[PDB]
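Participant: Mind having a look at this structure? Questions to follow.
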Ligand SMILES: O=c1ccn([C@@H]2O[C@H](COP(=O)(O)OP(=O)(O)O)[C@@H](O)[C@H]2O)c(=O)[nH]1
Ligand SMILES: O=c1ccn([C@@H]2O[C@H](COP(=O)(O)OP(=O)(O)O)[C@@H](O)[C@H]2O)c(=O)[nH]1
């Protein structure tokens, strides 16, 4: 009944797949000379990083051209476990030597653009306990097969969370209502074209996902964004103080894209907030 | 900046209010106190809340009203049996058609009360305590310059909307107000001077709108907070919390001039305040300006 509703319905019809059952073989055949890089950001994920790598490794040399763990300064056994599991481990410093690192996830994903060569870049979190081998095929399907798509968001069915449903989706309803069609805007499993990703700033820390979604929308609208169901995953039960820090940075990043000033004041406890994006990687490479 | 917050907590926050009913009665100095419970279909709890306040009626408390918001259950009869006067939205402000939501109820109660101080207490509380009203009025009666008192609950050793939505948004847009522990709480008291003169946000936005307007107009030191006791976080469905969050966002955006689309969640979202009650009840308001 609203303009938002109407666009959502058609966008789901065209750009959302609850059964993204493309085969690896057909996706390989559709690459048409494009290459695919998979990047796992990792900070102290020794218990899970190898398991994630193991689910992607069978695609290496076929659908996937490179599988990189972009280490974020781990002090546990993340790097060596990623090595043994069959990934290429690259530090923030090796990825982009000319810029000093700053903390947070967004920095890692941004730097990975300088360390990878794929025409399509896929991000998968390294803290996943139950990774499924079809994540990468499902994420790249719309990029390889669907005209005009530059960003694919992977969502999970449940057997979003609190920040998604209380913070991100309500703020998008207020500020960019067409984007409320995206089921899991904060999700860490997603893929984009190099053309898109090199051309947008990267928000810091836990702002990176929402920043990329809004910057893509502001340039290209809903037509360029797709989503795919990766399967069933249970909600993680994270501490409220962590969720609040995430909510504060999601707010800061949304406000920075939507014309709202932000005090720069992090959370008052009885938190880390940065409004400093990294510039488009095109300004340094390519 | 934490110096501003530290000083406010030192002077304007009470974890253990010491006040007795007798000392508060003795401090009224001719001021009267109205207690208003908004109620929409609260038959299971409204009587218990009223019962905790009724012993104060005729002493500390001058009026005890349940503002019924269109209930179809036994809310009215049970509130009356417990000793409250029950006033419908229509009776409170008869010439203005009612609109839905909590903010409407609190706003209308201003036309149906005579107190120099108005105390709001939710009627859905499972474990009300008789010292709520004394604690909420203490800073209004015994401190100087306080106009709004927010009652907070200590938690066993705010909720999800408070900590993920309200506090982070205040950090971004009204940073001093992050010192308020439970900005969305429904137990609070205000002066007639303040409440009659501010617009009232609709629905679930009413509390945050009043907090921000008080802050802007009267300042941080006009706001106080008091610990009402230990209460466990209420476990509500996420969809309900999301609808509340969306309205909190809308009201804070209204108070900051952020274009809000008005688009709800696939939920009710209003961007329209009710005007200050002194615009519709000017003679009542003037009679109470004292
Ligand atoms: O500074 C950071 C923060 C996070 N991450 C990675 O980004 C993903 C999401 O991080 P989050 O903090 O949400 O999860 P957690 O680190 O608690 O598992 C995980 O794979 C982290 O290892 C990272 O590489 N650098
Ligand atoms: O339109 C409304 C919505 C709420 N309330 C009252 O305001 C308080 C807070 O409402 P909430 O919806 O949080 O509680 P619930 O109505 O779910 O018990 C309660 O005493 C409600 O009865 C009201 O009078 N009118």
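What follows is calculated from the coordinates using simple rules that are stated; it is not laboratory data. Using ideal geometry, Cβ is built from the backbone for each residue, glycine included, and neighbour counts are taken over all protein chains shown.
Participant: Can you find a residue that is within 16 Å of ligand 1 (Cβ to nearest atom) and over 21 Å from residue B:270 (Cβ atoms) anywhere in segment B:161-175?
Facilitator: Yes, segment B:161-175 contains at least one residue that is within 16 Å of ligand 1 (Cβ to nearest atom) and over 21 Å from residue B:270 (Cβ atoms).
Participant: A further question on this structure: Can you say whether residue B:252 is over 17 Å from residue B:106 (Cβ atoms), in contact with a helix residue (DSSP H, G or I) (Cβ under 8 Å, 6 or more places away or on another chain), within 11 Å of chain A (Cβ to nearest Cβ) and surrounded by fewer than 21 Cβ atoms within 10 Å (Cβ to Cβ), as far as the supplied structure shows?
Facilitator: No, not satisfied.
Participant: Follow-up question, since we're still on this one. Can you pull out every residue in segment B:29-46 that is farther than 19 Å from residue B:120 by Cβ and either away from ligand 2 (no atom under 13 Å from the Cβ) or within 14 Å of chain A (Cβ to nearest Cβ) (or both)?
Facilitator: The answer is B:29, B:30.
Participant: The conditions are (1) closer than 30 Å to residue B:238 by Cα; (2) more than 14 Å from chain B (Cβ to nearest Cβ); (3) crowded, with 21+ Cβ neighbours inside 10 Å; (4) within 16 Å of ligand 1 (Cβ to nearest atom), and residue A:138 fails exactly one of them. Which is it?
Facilitator: Failing condition for residue A:138: (4).
Participant: Which one is nearest to the other protein chains (Cβ to nearest Cβ) among residues in segment A:267-281 that are part of a loop (DSSP other than H, G, I, E, B) and touching a strand residue (DSSP E or B) at 6+ places or on another chain (Cβ under 9 Å)?
Facilitator: A:277
Participant: For segment A:123-132, does any single residue satisfy the condition of being more than 13 Å from ligand 1 (Cβ to nearest atom) and more than 18 Å from residue A:35 (Cβ to Cβ)?
Facilitator: yes
Participant: Just to be sure before I move on: is residue A:149 away from chain B (no Cβ under 14 Å), more than 16 Å from ligand 2 (Cβ to nearest atom), under 30 Å from residue A:8 (Cβ atoms) and surrounded by fewer than 24 Cβ atoms within 10 Å (Cβ to Cβ) in the structure I sent?
Facilitator: yes
Participant: Here are the criteria: (1) outside any loop (DSSP other than H, G, I, E, B); (2) away from chain B (no Cβ under 12 Å). Tell me which single one residue A:199 does not satisfy.
Facilitator: Failing condition for residue A:199: (1).
Participant: Just the residues that are surrounded by 12 or more Cβ atoms within 10 Å (Cβ to Cβ), within 13 Å of another protein chain (Cβ to nearest Cβ) and assigned to a helix (DSSP H, G or I), please, taken from segment B:218-247.
Facilitator: Correct list: B:238, B:240, B:241, B:242, B:243, B:244, B:245, B:246, B:247.
Participant: Residue B:264 is checked against (1) within 11 Å of chain A (Cβ to nearest Cβ); (2) assigned to a helix (DSSP H, G or I) and fails just one. What number does that condition carry?
Facilitator: All conditions are met except number (2).
Participant: On to the next question. Consider residue B:284 against the criteria (1) within 12 Å of chain A (Cβ to nearest Cβ); (2) more than 19 Å from the chain's Cα centre (by Cα): it satisfies all of them except one. Which criterion is unmet?
Facilitator: The number of the failed condition is (1).
Participant: Quick check, is residue B:77 in contact with a strand residue (DSSP E or B) (Cβ under 6 Å, 6 or more places away or on another chain) and either buried (at least 18 other Cβ atoms within 10 Å of the Cβ) or farther than 30 Å from residue A:266 by Cβ (or both)?
Facilitator: Against the criterion (in contact with a strand residue (DSSP E or B) (Cβ under 6 Å, 6 or more places away or on another chain) and either buried (at least 18 other Cβ atoms within 10 Å of the Cβ) or farther than 30 Å from residue A:266 by Cβ (or both)), residue B:77 does not qualify.
Participant: Sticking with this one: Among the candidates B:96, B:86, single out the residue that is within 19 Å of residue B:206 (Cα to Cα) and more than 16 Å from ligand 1 (Cβ to nearest atom).
Facilitator: B:96
Participant: OK, next. Checking residue A:154 against (1) within 14 Å of chain B (Cβ to nearest Cβ); (2) surrounded by 22 or more Cβ atoms within 10 Å (Cβ to Cβ); (3) in contact with a helix residue (DSSP H, G or I) (Cβ under 6 Å, 6 or more places away or on another chain), which test does it fail?
Facilitator: (1)
Participant: Further, regarding this structure: Among the candidates B:130, B:134, B:156, which residue alone is away from ligand 2 (no atom under 16 Å from the Cβ), part of a loop (DSSP other than H, G, I, E, B) and out of contact with any strand residue (DSSP E or B) (no Cβ under 9 Å at 6 or more places or on another chain)?
Facilitator: Of the residues listed, the single one that is away from ligand 2 (no atom under 16 Å from the Cβ), part of a loop (DSSP other than H, G, I, E, B) and out of contact with any strand residue (DSSP E or B) (no Cβ under 9 Å at 6 or more places or on another chain) is B:130.
Participant: Moving on. So which residues in segment B:1-22 are more than 14 Å from every other protein chain (Cβ to nearest Cβ), in a loop (DSSP other than H, G, I, E, B) and more than 17 Å from residue B:132 (Cβ to Cβ)?
Facilitator: If the condition is that a residue be more than 14 Å from every other protein chain (Cβ to nearest Cβ), in a loop (DSSP other than H, G, I, E, B) and more than 17 Å from residue B:132 (Cβ to Cβ), then no residue fits.
Participant: State the number of residues belonging to segment B:191-212 that are surrounded by fewer than 21 Cβ atoms within 10 Å (Cβ to Cβ) and more than 15 Å from residue B:105 (Cα to Cα).
Facilitator: 3
Participant: Would you mind finding the one in B:187, B:193, B:207 that is in contact with a helix residue (DSSP H, G or I) (Cβ under 7 Å, 6 or more places away or on another chain) and away from every other protein chain (no Cβ under 14 Å)?
Facilitator: Sole residue among the options that is in contact with a helix residue (DSSP H, G or I) (Cβ under 7 Å, 6 or more places away or on another chain) and away from every other protein chain (no Cβ under 14 Å): B:187.
Participant: Check whether at least one residue in segment A:171-190 is within 14 Å of the chain's Cα centre (by Cα), crowded, with 22+ Cβ neighbours inside 10 Å and closer than 14 Å to residue A:121 by Cβ, and report yes or no.
Facilitator: Among the residues of segment A:171-190, at least one is within 14 Å of the chain's Cα centre (by Cα), crowded, with 22+ Cβ neighbours inside 10 Å and closer than 14 Å to residue A:121 by Cβ, which makes the answer yes.
Participant: Suppose we filter segment B:62-83 for residues that are closer than 12 Å to residue B:38 by Cα and touching a helix residue (DSSP H, G or I) at 6+ places or on another chain (Cβ under 6 Å); how many remain?
Facilitator: 7
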